[PDB]
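Q: This is the structure I want to talk about, given as structure tokens.
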Amino acid sequence: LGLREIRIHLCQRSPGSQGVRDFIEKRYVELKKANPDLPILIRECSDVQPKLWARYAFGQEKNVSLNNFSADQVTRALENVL
Amino acid sequence: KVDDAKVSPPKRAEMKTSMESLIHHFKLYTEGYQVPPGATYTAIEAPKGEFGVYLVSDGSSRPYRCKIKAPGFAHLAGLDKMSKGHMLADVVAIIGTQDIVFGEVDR
Amino acid sequence: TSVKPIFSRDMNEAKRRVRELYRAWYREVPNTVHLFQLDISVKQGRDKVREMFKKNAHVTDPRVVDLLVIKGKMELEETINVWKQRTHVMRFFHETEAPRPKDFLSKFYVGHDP
Amino acid sequence: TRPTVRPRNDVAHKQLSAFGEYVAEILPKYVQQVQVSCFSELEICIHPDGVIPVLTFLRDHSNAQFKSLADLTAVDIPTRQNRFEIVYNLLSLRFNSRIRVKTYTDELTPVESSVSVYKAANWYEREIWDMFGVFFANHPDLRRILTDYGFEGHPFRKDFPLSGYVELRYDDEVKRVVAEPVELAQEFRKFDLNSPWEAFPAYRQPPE
Amino acid sequence: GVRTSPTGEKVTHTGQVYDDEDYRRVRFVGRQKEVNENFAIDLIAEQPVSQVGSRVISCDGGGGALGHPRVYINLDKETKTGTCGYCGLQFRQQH
Amino acid sequence: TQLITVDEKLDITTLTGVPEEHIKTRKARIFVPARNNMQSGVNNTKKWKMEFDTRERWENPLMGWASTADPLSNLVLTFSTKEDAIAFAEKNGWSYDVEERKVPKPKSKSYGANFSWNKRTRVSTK
Amino acid sequence: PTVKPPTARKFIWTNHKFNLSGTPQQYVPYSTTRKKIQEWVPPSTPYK
Amino acid sequence: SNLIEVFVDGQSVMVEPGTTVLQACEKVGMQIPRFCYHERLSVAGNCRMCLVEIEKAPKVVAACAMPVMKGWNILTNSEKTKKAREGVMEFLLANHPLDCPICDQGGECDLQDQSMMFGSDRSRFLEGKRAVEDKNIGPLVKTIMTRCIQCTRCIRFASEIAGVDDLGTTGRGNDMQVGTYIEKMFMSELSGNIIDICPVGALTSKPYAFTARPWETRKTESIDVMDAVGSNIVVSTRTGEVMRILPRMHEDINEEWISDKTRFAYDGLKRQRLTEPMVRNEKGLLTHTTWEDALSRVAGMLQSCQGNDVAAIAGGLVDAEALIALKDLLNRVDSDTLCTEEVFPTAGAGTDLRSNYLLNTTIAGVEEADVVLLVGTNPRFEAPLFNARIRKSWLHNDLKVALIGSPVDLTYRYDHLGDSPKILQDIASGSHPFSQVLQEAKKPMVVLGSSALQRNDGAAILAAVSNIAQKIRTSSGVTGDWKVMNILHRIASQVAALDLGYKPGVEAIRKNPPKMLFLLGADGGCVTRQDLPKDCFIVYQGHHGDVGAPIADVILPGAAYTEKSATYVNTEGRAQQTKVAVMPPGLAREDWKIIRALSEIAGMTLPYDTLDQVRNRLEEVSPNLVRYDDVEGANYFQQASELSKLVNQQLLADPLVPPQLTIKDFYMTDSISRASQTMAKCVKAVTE
Ligand code: SF4
Ligand code: SF4
Ligand code: FES
Ligand SMILES: [Zn+2]
């Protein structure tokens with residue numbers, strides 16, 4: 001059918017966190033303006049691999065790892081998922 | 001008893017008509033007296049022999065580990081040399097001739 | 001960590017001693033099941049002996065395997081002597097458990113049991 | 001300080017201090033702590049490579065006879081790497097003195113098994129093997145004294161609980177005594193008795 | 001002297017009588033529920049409220065080392081009599 | 001001698017005799033005990049107590065007691081540092097949750113500021 | 001006790017029921033403790 | 001570098017200037033015994049037990065209130081130190097009655113412990129022993145003022161933290177009563193904390209009074225509910241059925257205090273509990289049965305019902321494990337209307353982007369603030385320890401505190417800006433004598449109460465608060481990562497459910513009426529059978545339901561907050577877990593255990609078995625819920641503010657008012673506090 005949720009999991013001192021912070025500071029109001037009803041939610045804890053989880057269709061949770069991806073690479077993989 | 005209310009309990013008349021005696025009775029029976037930390041081994045001449053007690057006490061109200069030297073245990077250790085060259089009625093006489101109670105030998 | 005051994009040097013002598021002890025336990029069962037007048041065939045006794053040897057299979061440290069060999073040799077000496085009674089040899093088995101199941105659902109009907 | 005306070009003597013204290021210093025001088029290889037307590041009993045704290053040399057020295061040497069052996073125990077202390085403490089408790093005959101040779105060990109180390117130089121240590125060593133779990137190498141017989149044969153777990157540890165894991169009862173199914181897991185009839189209420197407020201200031205360890 | 005539930009079994013001084021849906025009614029079959037038939041509440045309401053002419057008065061319990069330790073109680077309220085926690089017997093003041 | 005050379009964890013869990021149920025079922029909470037708040041004394045600190053989780057304590061249907069199917073519940077293991085606690089808990093086999101030690105904050109109190117002029121630290125009752 | 005029978009104390013038994021094991025009248029133990037946790041009561045009315 | 005040398009017992013230590021002698025002796029580890037010093041209150045010199053000798057000095061000085069001169073040398077175990085301590089102890093036990101058997105602090109007194117470890121053995125004082133008539137402070141606090149030692153610690157506590165000013169010393173000499181002169185019931189918040197403050201057994205607990213003894217009840221770490229702060233607690237339990245809730249201490253939140261409702265809300269935890277799964281009987285009644293019947297019924301109905309028509313209202317006091325299991329199951333069915341009871345608005349990126357639904361600064365971090373403006377709340381009755389933190393900050397250093405919405409009985413003299421959302425509009429515009437104070441402030445904080453956010457103006461109020469936040473973000477230099485804006489909540493499970501990503505509010509159920517709904521602790525009038533089609537199939541899951549439990553269809557007895565290993569989140573994102581102190585009475589399984597067994601009996605499965613696998617999926621949903629007792633704040637105020645700039649709502653100028661207006665509405669507005677009797681007694685005591 002379609003998506004239900006997109007979850008981002010981040011940290012505060014990493015080159016991968018540097019890339020996804022570049023993405024989430026530059027192109028997040030665009031994404032929320034595009035899809036209204038996708039609760040794409042962001043979490044930050046202390047230090048973890050920056051996971052990206054897509055939950056849809058009877059508990060299919062597809063997983064990509066955003067380890068040291070730059071912001072263009074993050075946006076390209078996020079559009080590959082969505 | 002001793003002249004110290006913090007170890008022996010005070011007598012009942014002073015307990016009733018005294019505040020500090022009631023407080024020392026109450027704490028001395030709930031918590032008990034504390035013991036300074038350390039280890040000791042004393043032994044006295046019980047009728048079986050050197051009855052020994054080895055206390056190990058962390059500084060607290062409970063002992064940490066006690067252990068008992070039993071003269072009956074030490075005597076029963078040498079039953080082989082006491083019954084090597086004799087018969088079995090003499091084995092019963094050897095078991096009898098040392099004051100062994102089999103509750104103290106267990107520890 | 002230059003540790004003093006018990007008996008061995010590595011796992012090779014450990015495997016040698018445990019297969020010696022298993023050979024002894026294999027040739028030690030039918031004498032005892034004739035002696036203590038049990039109720040269990042020889043094959044089931046041998047299967048539970050090899051089950052007791054398969055229980056500790058994930059042990060890797062050589063001192064620990066040496067100490068288990070010592071435990072098994074002590075109990076084999078106490079069973080080849082007539083010191084242990086019928087009670088302890090039947091206590092090795094499990095006939096009076098009414099054993100608790102391992103499914104989550106029957107652990108749920110008798111609960112508070114993780 | 002005169003009534004109801006135990007009077008200590010200083011002659012025995014000075015003599016045991018001098019003798020402990022003398023012992024640690026003549027055996028430099030195996031000696032770590034030489035302590036005299038306030039009530040004058042000597043303690044020598046020992047690495048577990050010299051049990052046979054220290055006890056062969058102390059049974060002989062003619063300036064310290066120490067013929068008799070008493071309690072042997074290995075008090076089960078957590079919080080350390082080497083847990084157990086083996087306490088040989090040596091009593092002389094010609095001298096009226098008491099020394100405690102305290103050697104240390106962990107759970108998986110053979111100490112040198114003093115049965116050859118003290119024949120009284122046979123059942124002491126076998127009992128400490130059964131109750132604590134410290135194996136003794138080059139030793140004639142290790143069996144289970146003071147425990148049941150089908151029982152195991154080395155129960156005098158702090159890790160073994162107060163009530164055991166097995167409990168016996170007779171049943172008429174198999175017409176014998178069987179072992180079942182423990183189902184106590186009362187809780188054994190543990191009391192929280194260790195009150196604060198530091199009843200001894202002289203035993204304050206220095207903080208971090 | 002004692003109350004009794006309509007199940008036929010005596011209550012105690014603590015109200016612990018069983019319901020219609022228990023089995024301890026069956027464990028009492030053939031053997032009597034040995035209840036103390038002497039309640040402790042009603043043997044104090046029969047006591048005379050003592051009137052002592054001082055203001056703060058002592059309570060021993062009738063005998064040196066036969067009784068509770070001494071409690072000194074105050075009698076300054078006008079509508080509630082002072083009450084020993086050990087004894088249970090009241091006092092008043094007179095002036 | 002010293003023949004054995006190996007750097008591995010210890011596996012005493014197959015030697016200590018406690019069965020697999022009470023090995024892999026329960027869990028060890030490792031904690032400094034909190035100060036008994038009605039009293040004011042931190043002598044009950046400085047000892048890392050290892051305790052286990054509690055389990056069912058039903059009613060004994062003849063008296064009204066607290067029967068239990070719990071051998072290991074009445075243990076406490078007082079330690080002196082977190083590292084030896086973690087080492088013993090990983091050595092002897094069972095799971096562990098290590099909580100945190102929370103020191104009292106070093107404040108600065110002053111009677112002279114309890115009697116100030118313009119500030120709002122005017123106690124007005126002593 | 002014909003000299004001085006002490007401490008009369010009106011609550012004392014005047015009967016002295018003797019040792020009574022193996023009778024119809026003997027002691028049975030029971031919990032002298034009221035309701036523990038007070039389970040819920042369903043409503044009496046139905047819906048619809 | 002501001003160091004002074006003190007030789008405590010000869011041993012040297014460096015100590016900052018200004019501190020007391022007792023803080024230096026605790027810096028080396030010693031304890032000088034004390035009765036009227038307390039590490040949360042002002043220092044008075046009344047008790048005189050604290051005396052200690054300084055070398056080369058004639059007098060014996062008081063260690064509670066002595067500053068540190070250069071180069072001390074302090075003898076804590078000298079001759080006259082011990083003589084002074086034994087003397088003061090021999091004075092204190094004179095006018096103190098023989099009540100140590102009947103007393104309530106008999107295991108936990110301080111006269112007893114110090115008269116053991118410092119005092120004399122034989123007594124004196126053959127005649128005397130005054131007795132004082134006791135008072136009635138409240139129906140929650142039993143008061144025997146005969147045992148009082150006049151240490152004056154209840155008074156300093158009431159005046160400096162409770163702010164009530166009712167307790168006073170009266171008289172002179174021996175005749176110094178400590179109490180209220182005018183027979184007035186001391187009834188306020190934090191009235192329960194006074195029983196832990198009084199070190200002798202004078203001010204003791206009324207419902208606890210004569211029921212336990214502290215060497216028997218074992219202590220268990222646990223975490224509070226019903227408050228967004230989550231104070232730490234220790235349940236002293238008796239024998240598989242508990243005793244009492246003392247407060248466990250945390251330095252950041254809820255230091256040594258506790259809420260009155262928390263302290264006295266376990267009578268309802270043992271008064272009306274559910275012990276048996278219950279099914280509606282076709283005569284019309286509500287009978288009970290075994291687990292097989294109820295779970296087979298719910299399983300067959302859930303198998304025969306899919307689509308967008310399944311609802312899960314998870315309100316009140318529920319877990320994180322229960323929420324994970326429920327969301328995983330109802331994900332497996334088809335779809336979701338998962339809701340919370342209390343209504344939080346989600347228009348400008350509500351559930352996502354963490355910063356706009358929790359309390360961003362530390363609760364301890366409000367001490368370094370300077371201008372605090374409360375909007376739409378009465379913080380005395382909503383997390384009262386946060387109010388105690390505000391009053392402690394306002395007392396020690398300076399705070400400009402301003403309140404918008406209601407003239408209420410805060411105890412610390414707030415400035416008042418009015419009751420209108422147009423006032424907040426004009427503050428965002430920039431025309432007040434107080435917005436000047438904001439743009440001239442240093443570290444500002446705007447605290448929004450969620451109680452005025454329940455009404456029909458929520459997104460507009462939140463957008464105006466984000467306007468204030470972005471306004472101070474722009475019209476100032478960025479001094480650091482200080483955070484102006486934060487909201488606070490009432491119930492912790494709303495914070496957990498918005499962390500796990502639920503829909504807040506019940507609007508998704510108002511749009512799509514379902515055929516099956518799970519009430520995980522629906523407290524109030526969230527939904528009824530009147531707001532729903534005929535085939536309801538309400539599955540209630542919880543303990544002592546009072547509203548909805550007659551209305552529901554299948555009753556499942558869930559556990560309680562002292563009775564299961566849960567995972568709770570406070571209002572600032574810190575994860576705190578409870579511990580199993582008492583197993584739940586009756587059949588009474590846990591919540592996620594019921595849900596996964598329901599998944600097994602239905603024609604599906606949940607891919608986990610035990611609680612470690614549950615917490616692994618908890619980390620695989622949101623990662624901060626495994627770093628226990630630890631906080632990390634969010635960011636992106638600019639992105640949250642620009643996402644708030646799409647939908648304009650009309651701000652209704654009706655007078656916004658919090659419901660928590662007085663003592664009765666603090667005491668009654670929960671299920672656990674509603675079920676009890678002690679809350680009912682103090683309700684009728686306050687209202688009468
Ligand atoms: S407050 Fe302390 S000294 Fe006074 S009666 Fe109670 S336990 Fe005894
Ligand atoms: S009532 Fe308690 S806190 Fe208040 S002065 Fe008396 S002893 Fe101190
Ligand atoms: S603490 Fe210094 S006088 Fe009470
Ligand atoms: Zn009296």
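For the structure tokens, the naming scheme is as follows: chains receive sequential letters (A, B, ...) according to their order of presentation, residues are indexed from 1 within each chain, and ligands are indexed from 1 in presentation order.
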May I ask you to write as JSON, numbers by chain all residues lying at most 7 Å from ligand 2, with only C-alpha atoms and all ligand atoms counted?
A: {"H": [145, 148, 149, 150, 151, 152, 153, 154, 155, 178, 197, 198, 199, 200, 202, 203]}
Q: Find the residues of chain C in contact range of chain D, meaning any atom within 7 Å when counting only C-alpha atoms, and list them as a ChimeraX atom specification.
A: /C:4,6,74,84,87-88,91
Q: Go ahead and dump the residues you just picked, C-alpha atoms, as a CSV table (one decimal), in the first residue's frame.
A:
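Here's the written file selection_34.csv:
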chain,number,residue,atom,x,y,z
C,4,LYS,CA,49.0,-22.5,37.6
C,6,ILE,CA,45.4,-28.4,37.8
C,74,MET,CA,34.9,-38.7,42.9
C,84,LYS,CA,25.7,-44.3,48.0
C,87,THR,CA,18.0,-43.0,46.9
C,88,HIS,CA,20.8,-40.9,45.5
C,91,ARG,CA,17.9,-38.8,42.6
Q: Taking only C-alpha atoms and all ligand atoms and a cut-off of 10 Å, can you tell me which residues surround ligand 4, written as number ranges by chain?
A: E: 58-62, 67-73, 83-90
Q: Based on the selection just made, write C-alpha atoms of those residues as a short mmCIF file (atom, residue, chain, number, x, y, z; two decimals), in the first residue's frame.
A:
data_model
loop_
_atom_site.label_atom_id
_atom_site.label_comp_id
_atom_site.auth_asym_id
_atom_site.auth_seq_id
_atom_site.Cartn_x
_atom_site.Cartn_y
_atom_site.Cartn_z
CA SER E 58 2.45 9.90 86.58
CA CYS E 59 1.49 6.38 85.61
CA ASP E 60 3.35 3.27 86.77
CA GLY E 61 0.99 0.31 86.46
CA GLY E 62 0.72 -0.91 90.03
CA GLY E 67 4.04 -2.91 85.03
CA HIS E 68 4.86 -0.60 82.17
CA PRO E 69 7.57 2.07 82.42
CA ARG E 70 6.56 5.44 83.83
CA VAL E 71 4.61 7.78 81.61
CA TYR E 72 3.88 11.37 82.63
CA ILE E 73 0.70 12.60 80.99
CA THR E 83 -5.03 8.56 78.01
CA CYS E 84 -1.99 6.43 78.79
CA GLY E 85 -0.79 4.55 75.73
CA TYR E 86 0.48 1.65 77.83
CA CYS E 87 -2.36 1.42 80.37
CA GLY E 88 -5.42 2.55 78.45
CA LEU E 89 -7.03 4.01 81.57
CA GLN E 90 -7.95 7.68 81.60
#
Q: Would you mind writing down, as number ranges by chain, each residue of chain A that DSSP on the backbone assigns to helix (DSSP H, G or I)?
A: A: 15-26, 29-34, 71-81
Q: Would you save the residues of that selection, restricted to N, CA, C and O atoms, as a compact mmCIF listing (two decimals), in the first residue's frame?
A:
# COMPACT_ATOMS: atom_id res chain seq x y z
N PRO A 15 31.12 12.09 12.06
CA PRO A 15 30.96 12.59 10.69
C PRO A 15 29.64 12.19 10.05
O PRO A 15 29.11 12.94 9.22
N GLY A 16 29.09 11.02 10.42
CA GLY A 16 27.76 10.66 9.96
C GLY A 16 26.69 11.55 10.56
O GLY A 16 25.77 11.99 9.86
N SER A 17 26.82 11.84 11.85
CA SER A 17 25.93 12.81 12.47
C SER A 17 26.15 14.20 11.89
O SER A 17 25.20 14.97 11.81
N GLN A 18 27.38 14.52 11.48
CA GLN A 18 27.63 15.78 10.78
C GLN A 18 26.86 15.85 9.47
O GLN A 18 26.21 16.86 9.18
N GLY A 19 26.85 14.76 8.71
CA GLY A 19 26.11 14.74 7.45
C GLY A 19 24.61 14.81 7.64
O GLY A 19 23.91 15.57 6.94
N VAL A 20 24.08 14.05 8.59
CA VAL A 20 22.63 14.06 8.73
C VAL A 20 22.16 15.32 9.48
O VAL A 20 21.04 15.78 9.26
N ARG A 21 23.01 15.93 10.31
CA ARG A 21 22.68 17.26 10.82
C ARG A 21 22.71 18.32 9.73
O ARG A 21 21.89 19.25 9.77
N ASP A 22 23.61 18.19 8.75
CA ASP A 22 23.56 19.08 7.59
C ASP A 22 22.24 18.95 6.84
O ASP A 22 21.60 19.95 6.51
N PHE A 23 21.81 17.70 6.63
CA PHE A 23 20.51 17.45 6.00
C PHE A 23 19.36 18.02 6.83
O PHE A 23 18.49 18.72 6.30
N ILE A 24 19.34 17.73 8.13
CA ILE A 24 18.17 18.04 8.94
C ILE A 24 18.12 19.50 9.33
O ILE A 24 17.06 19.99 9.75
N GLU A 25 19.22 20.23 9.19
CA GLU A 25 19.18 21.67 9.34
C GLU A 25 18.89 22.38 8.03
O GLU A 25 18.40 23.51 8.05
N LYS A 26 19.18 21.75 6.88
CA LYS A 26 18.96 22.45 5.63
C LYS A 26 17.66 22.07 4.92
O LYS A 26 17.07 22.92 4.25
N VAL A 29 12.11 21.34 6.65
CA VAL A 29 10.82 22.00 6.47
C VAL A 29 10.25 21.72 5.08
O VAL A 29 9.03 21.65 4.90
N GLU A 30 11.13 21.47 4.10
CA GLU A 30 10.73 21.03 2.77
C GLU A 30 10.00 19.69 2.82
O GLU A 30 8.94 19.53 2.21
N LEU A 31 10.56 18.74 3.56
CA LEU A 31 10.02 17.38 3.59
C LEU A 31 8.69 17.35 4.32
O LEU A 31 7.75 16.66 3.88
N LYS A 32 8.58 18.07 5.44
CA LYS A 32 7.33 18.10 6.17
C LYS A 32 6.27 18.90 5.42
O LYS A 32 5.08 18.60 5.53
N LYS A 33 6.69 19.88 4.61
CA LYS A 33 5.75 20.56 3.74
C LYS A 33 5.25 19.63 2.63
O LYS A 33 4.10 19.74 2.21
N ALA A 34 6.10 18.71 2.17
CA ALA A 34 5.70 17.81 1.08
C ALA A 34 4.66 16.79 1.54
O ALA A 34 3.53 16.79 1.06
N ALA A 71 24.91 15.00 2.82
CA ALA A 71 23.51 15.43 2.81
C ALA A 71 22.83 15.10 1.48
O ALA A 71 21.65 14.72 1.46
N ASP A 72 23.56 15.23 0.37
CA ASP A 72 23.04 14.78 -0.92
C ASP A 72 22.81 13.27 -0.91
O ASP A 72 21.80 12.79 -1.42
N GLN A 73 23.74 12.53 -0.31
CA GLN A 73 23.63 11.07 -0.25
C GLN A 73 22.49 10.64 0.66
O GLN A 73 21.76 9.69 0.35
N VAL A 74 22.28 11.38 1.76
CA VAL A 74 21.15 11.13 2.66
C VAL A 74 19.83 11.39 1.95
O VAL A 74 18.89 10.58 2.04
N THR A 75 19.73 12.51 1.23
CA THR A 75 18.48 12.85 0.54
C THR A 75 18.19 11.86 -0.58
O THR A 75 17.04 11.46 -0.78
N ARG A 76 19.24 11.42 -1.28
CA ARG A 76 19.06 10.43 -2.35
C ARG A 76 18.59 9.09 -1.80
O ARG A 76 17.67 8.48 -2.35
N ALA A 77 19.18 8.63 -0.68
CA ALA A 77 18.75 7.35 -0.11
C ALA A 77 17.38 7.45 0.54
O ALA A 77 16.60 6.49 0.51
N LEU A 78 17.05 8.61 1.11
CA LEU A 78 15.73 8.81 1.68
C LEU A 78 14.66 8.83 0.60
O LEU A 78 13.55 8.34 0.82
N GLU A 79 14.98 9.38 -0.57
CA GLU A 79 14.01 9.34 -1.66
C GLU A 79 13.97 7.96 -2.30
O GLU A 79 12.94 7.57 -2.88
N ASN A 80 15.06 7.20 -2.20
CA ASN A 80 15.05 5.80 -2.63
C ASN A 80 14.10 4.98 -1.77
O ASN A 80 13.37 4.12 -2.28
N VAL A 81 14.09 5.23 -0.46
CA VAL A 81 13.15 4.54 0.43
C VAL A 81 11.73 5.05 0.19
O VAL A 81 10.84 4.29 -0.18
Q: Taking only C-alpha atoms into account, report as a list in words which residues of chain F lie within 12 Å of chain E.
A: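 Taking only C-alpha atoms into account, residues 61, 62 and 63 of chain F sit within 12 Å of chain E.
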Q: Based on the selection just made, write N, CA and C atoms of those residues as a PDB file, in the first residue's frame.
A:
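The result, stored in again02.pdb:
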ATOM      1  N   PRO F  61      -1.800 -20.883  53.655  1.00  0.00           N
ATOM      2  CA  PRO F  61      -3.238 -20.919  53.947  1.00  0.00           C
ATOM      3  C   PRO F  61      -3.615 -21.514  55.294  1.00  0.00           C
ATOM      4  N   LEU F  62      -2.668 -21.751  56.192  1.00  0.00           N
ATOM      5  CA  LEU F  62      -3.005 -22.201  57.528  1.00  0.00           C
ATOM      6  C   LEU F  62      -2.755 -21.150  58.594  1.00  0.00           C
ATOM      7  N   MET F  63      -1.795 -20.259  58.391  1.00  0.00           N
ATOM      8  CA  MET F  63      -1.504 -19.229  59.371  1.00  0.00           C
ATOM      9  C   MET F  63      -1.568 -17.816  58.823  1.00  0.00           C
TER      10      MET F  63
END
Q: Step by step, measure atom-to-atom distances between ligand 1 and each residue using only C-alpha atoms and all ligand atoms, keep those at most 8 Å, then write them as a list in words.
A: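 What falls inside 8 Å of ligand 1 is residues 23 of chain B; 93, 96, 97, 98, 99, 100, 101, 102, 103, 104, 105, 106, 107, 108, 109, 110, 111, 112, 147, 148, 199, 200, 201 and 202 of chain H.
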Q: Per residue of chain H within 6 Å of ligand 3, record the nearest atom pair and its distance in Å to one decimal, counting only C-alpha atoms and all ligand atoms, with rows in chain order and ascending residue number, as CSV.
A:
residue,atom,partner,partner_atom_place_in_ligand_line,distance
H:34,CA,ligand 3,1 (S),4.8
H:35,CA,ligand 3,4 (Fe),5.1
H:36,CA,ligand 3,4 (Fe),4.0
H:37,CA,ligand 3,1 (S),4.2
H:45,CA,ligand 3,3 (S),3.6
H:46,CA,ligand 3,3 (S),4.7
H:47,CA,ligand 3,4 (Fe),3.5
H:48,CA,ligand 3,3 (S),3.6
H:49,CA,ligand 3,4 (Fe),5.7
H:50,CA,ligand 3,2 (Fe),4.5
H:62,CA,ligand 3,2 (Fe),5.2
H:63,CA,ligand 3,2 (Fe),5.6
H:64,CA,ligand 3,2 (Fe),3.8
Q: Restricted to C-alpha atoms, what would the selected residues look like written as a PDB file, in the first residue's frame?
A:
ATOM      1  CA  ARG H  34      23.740  16.600  64.651  1.00  0.00           C
ATOM      2  CA  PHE H  35      20.033  17.201  65.193  1.00  0.00           C
ATOM      3  CA  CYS H  36      19.069  20.596  63.765  1.00  0.00           C
ATOM      4  CA  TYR H  37      21.459  20.881  60.830  1.00  0.00           C
ATOM      5  CA  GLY H  45      22.250  26.694  66.071  1.00  0.00           C
ATOM      6  CA  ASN H  46      19.542  25.275  68.298  1.00  0.00           C
ATOM      7  CA  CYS H  47      20.441  21.656  68.947  1.00  0.00           C
ATOM      8  CA  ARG H  48      24.055  22.181  70.146  1.00  0.00           C
ATOM      9  CA  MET H  49      24.948  18.475  69.654  1.00  0.00           C
ATOM     10  CA  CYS H  50      27.260  19.454  66.773  1.00  0.00           C
ATOM     11  CA  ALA H  62      29.510  24.740  66.811  1.00  0.00           C
ATOM     12  CA  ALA H  63      30.365  22.914  63.600  1.00  0.00           C
ATOM     13  CA  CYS H  64      26.999  23.616  61.975  1.00  0.00           C
TER      14      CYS H  64
END
Q: Using only C-alpha atoms, which protein or nucleic acid residues come within 6 Å of stretch 23-28 of chain G? Drop anything in the same chain fewer than 4 positions from it, and give the result as a PyMOL selection string.
A: chain E and resi 30-32+34
Q: Got a sec to tell me which of chain F DSSP assigns to strand (DSSP E), as a PDB file with C-alpha atoms, in the first residue's frame?
A:
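To be explicit, this is the file written out as part00.pdb:
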ATOM      1  CA  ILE F   4      48.720 -22.014  31.554  1.00  0.00           C
ATOM      2  CA  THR F   5      48.668 -18.902  29.368  1.00  0.00           C
ATOM      3  CA  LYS F  27      18.832 -10.698  37.264  1.00  0.00           C
ATOM      4  CA  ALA F  28      21.205  -8.916  39.640  1.00  0.00           C
ATOM      5  CA  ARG F  29      20.675  -5.273  40.539  1.00  0.00           C
ATOM      6  CA  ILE F  30      23.986  -3.743  41.644  1.00  0.00           C
ATOM      7  CA  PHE F  31      23.569  -0.552  43.603  1.00  0.00           C
ATOM      8  CA  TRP F  48      27.981  -1.714  46.702  1.00  0.00           C
ATOM      9  CA  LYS F  49      25.192  -4.149  47.484  1.00  0.00           C
ATOM     10  CA  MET F  50      24.349  -6.785  44.905  1.00  0.00           C
ATOM     11  CA  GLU F  51      20.756  -7.960  45.278  1.00  0.00           C
ATOM     12  CA  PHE F  52      18.358  -9.951  43.127  1.00  0.00           C
ATOM     13  CA  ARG F  57       5.321 -14.347  48.220  1.00  0.00           C
ATOM     14  CA  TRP F  58       1.825 -15.751  48.594  1.00  0.00           C
ATOM     15  CA  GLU F  59      -0.070 -16.513  51.796  1.00  0.00           C
ATOM     16  CA  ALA F  66       4.727 -15.434  53.436  1.00  0.00           C
ATOM     17  CA  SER F  67       5.675 -18.670  51.710  1.00  0.00           C
ATOM     18  CA  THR F  68       8.039 -18.400  48.773  1.00  0.00           C
ATOM     19  CA  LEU F  77      26.569  -9.199  48.557  1.00  0.00           C
ATOM     20  CA  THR F  78      28.292  -6.098  49.926  1.00  0.00           C
ATOM     21  CA  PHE F  79      31.213  -4.974  47.751  1.00  0.00           C
ATOM     22  CA  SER F  95      22.606 -10.907  34.216  1.00  0.00           C
ATOM     23  CA  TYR F  96      23.254  -7.564  35.862  1.00  0.00           C
ATOM     24  CA  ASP F  97      21.985  -3.992  35.914  1.00  0.00           C
ATOM     25  CA  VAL F  98      24.521  -1.593  37.408  1.00  0.00           C
TER      26      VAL F  98
END
